[PDB]
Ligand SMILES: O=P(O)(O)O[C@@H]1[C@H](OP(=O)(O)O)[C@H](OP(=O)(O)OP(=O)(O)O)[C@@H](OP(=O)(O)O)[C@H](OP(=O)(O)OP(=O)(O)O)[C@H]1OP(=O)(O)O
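Presented as structure tokens, the chain that follows is alone, the form deposited without the ligand.
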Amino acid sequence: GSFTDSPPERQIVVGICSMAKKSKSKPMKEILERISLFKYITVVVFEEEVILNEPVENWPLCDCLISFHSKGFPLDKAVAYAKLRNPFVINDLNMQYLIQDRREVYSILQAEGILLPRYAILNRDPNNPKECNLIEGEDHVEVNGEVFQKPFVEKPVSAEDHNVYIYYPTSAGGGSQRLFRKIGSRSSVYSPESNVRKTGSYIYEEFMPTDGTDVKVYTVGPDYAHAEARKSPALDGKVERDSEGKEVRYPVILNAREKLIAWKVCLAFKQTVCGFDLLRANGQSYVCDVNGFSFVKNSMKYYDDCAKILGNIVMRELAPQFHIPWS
């Protein structure tokens, strides 16, 4: 007789809501076609034009929503769509405003008792730039009373501004290293300027001496974290590439203390899929950056695991109200 596995048939609908840059990227396509393998799950990718120009009432329906902010994304709308349709939300939307502010990110990490660099916030009133309390010496700064000896790190308050400066002490040749979002072959450049920036609000923080690499961590729920290291952008300024122009990736195995950081970051920020940075310095591991939704690129295993985990999260959560058989 018939061998056909009969249609469910109410599929659980997973909606993907993000800018087309992200929704159509290779890592996204790899992960979604694997999620589509789940018998009871169908993936609806929200068109960018819909997201941008249609009110939320005409956005397609879903049972589970994967949505995340990137440049130009209408987060207000994503949030009103979530309130309207009450779907199961994978990466919390309101947390994503906070993730855009480095002050908020650091406040959350502090409150969760996660090791991060010693730091101070200089808020500059754009109309009274002199008022703000900053005192600068040759090899130090004083922000809100607290003192930072060069080498120190200076970060724009907006987490979406990647113009992070690190200041060299007199004995290292002076000047600064200017980090910026990498296009081209440079990740940073030397500058002879020794005085800190004079407009804008910044976080000043202690420089964590590492071995010249950054540990990049990518979570998929609290019990899964992939890690790899990359050359610190402040080092050569040169991006290292391999055979095929792919950046070079150093091996990392997270220790127990670090697996717990990943578990806590994932939950504290309410982002199932979450990328953050670790600085392995002085026997410990400091989080310096939390970026929210992020895929690993060019890893078959990560694609398989990510899709398997997300798929299972959806099933576990929504199978019961649908009366779908699942353990």
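Residue positions are given as counts along the sequence shown, with the first one as 1.
Keep in mind that the form deposited with the ligand bound is missing from the display, and what follows is about it.
Asks: Does the ligand come within 4.5 Å of any heavy atom of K150 in the entry with it bound?
Replies: No - in the entry with it bound, heavy atoms of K150 and the ligand never come within 4.5 Å of each other.
Asks: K130 near the ligand in the entry with it bound, any heavy atom under 4.5 Å?
Replies: Output for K130 is no: heavy atoms all beyond 4.5 Å of the ligand.
Asks: Whether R230 contacts the ligand in the entry with it bound should be assessed with a 4.5 Å heavy atom distance threshold; does it?
Replies: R230 belongs to the contact set for the ligand.
Asks: Using a 4.5 Å heavy atom cut-off, state whether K21 contacts the ligand in the entry with it bound.
Replies: Contact with the ligand, yes.
Asks: Exactly one residue in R197, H140, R85, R249 has a non-hydrogen atom within 4.5 Å of the ligand in the entry with it bound; which is it?
Replies: Selected residue: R249.
Asks: Tell me, out of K77, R103, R178, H162, which residue has a non-hydrogen atom within 4.5 angstroms of the ligand in the entry with it bound.
Replies: Exactly one residue meets the criterion: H162.
Asks: So if I measure heavy atom distances to the ligand in the entry with it bound, which of the stretches 52-60, 294-302, 34-42, 261-269 falls within 4.5 Å?
Replies: One stretch meets the cut-off, namely 294-302.
Asks: Is every one of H226, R257 and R280 in contact with the ligand in the entry with it bound, taking contact as a heavy atom within 4.5 Å?
Replies: Spot residues vs the ligand: no contact at all.
Asks: Within 209-227, which residues have a heavy atom closer than or equal to 4.5 Å from the ligand in the entry with it bound?
Replies: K216, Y218 sit within 4.5 Å of the partner.
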